[PDB]
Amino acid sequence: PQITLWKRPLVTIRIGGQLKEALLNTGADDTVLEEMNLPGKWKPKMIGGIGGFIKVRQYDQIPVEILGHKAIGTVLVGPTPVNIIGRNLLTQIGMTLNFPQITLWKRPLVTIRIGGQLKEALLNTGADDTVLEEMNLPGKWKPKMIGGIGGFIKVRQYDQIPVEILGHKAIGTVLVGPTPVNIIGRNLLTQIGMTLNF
């Protein structure tokens, strides 16, 4: 099947007798769930994103069911604002990004062109918006706040900015601020005709 990116790519996942809505997240290395008391050994781990780090528990070898597919791997548990299916499990169920085909064993980093500049950015189905590391862009910007795994940040919102992504042209909203990596979000992914497929 093919999942478009017009809205958040949410799917039901099953873990034991517990069913959860979770975000299919190409911008996450790891799979991170809210509230649950899985059996067995775990270790503490710190995971980071847009507004800092959170502490989680790492459970290994946990079988999940995603979209009728059987997966088994590491599941992190902690105070994530949304449940997140990461690349560790996305690869096992055969999920790719497609327009050419990008598999998810590595971070889906591509080269983008913005204002004559070449930068590396992450194709992120788990991002509503496109957020770039601090840079100068032209035009009147609007102050804005956004959130991620570790909380909220101030960003600057530029509208109708041209961005060439893997040679595909988009023109849309680009937020600039203290993101850990450049992030191409769904607003631009839809513009270049990207989908999740499995």
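Don't overthink the numbering: it's just position in the shown sequence, from 1.
Missing coordinates between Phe99 and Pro100 amount to 4 to 9 residues of the deposited sequence.
Of the two segments, 158 to 166 and 57 to 65, the one listed with the higher mean B-factor is 57 to 65 (C-alpha atoms only).
67 to 75 and 118 to 126 differ in mean CA B-factor, and the higher of the two is recorded for 67 to 75. Of the residues listed, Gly139, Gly27, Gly172, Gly52, the entry assigns the biggest Cα temperature factor to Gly139. The top Cα temperature factor in the record, among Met36, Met135, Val131, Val32, falls on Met36.
In this PDB entry, the Cα temperature factor of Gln2 sits in the top third of its chain's modelled residues, the highest group. For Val181, the recorded CA B-factor ranks within the lowest third of the chain. Only modelled residues enter the ranking. In the deposited entry, the Cα temperature factor of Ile13 places it in the highest third of its chain's modelled residues. In this PDB entry, the Cα temperature factor of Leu188 sits in the bottom third of its chain's modelled residues, the lowest group.
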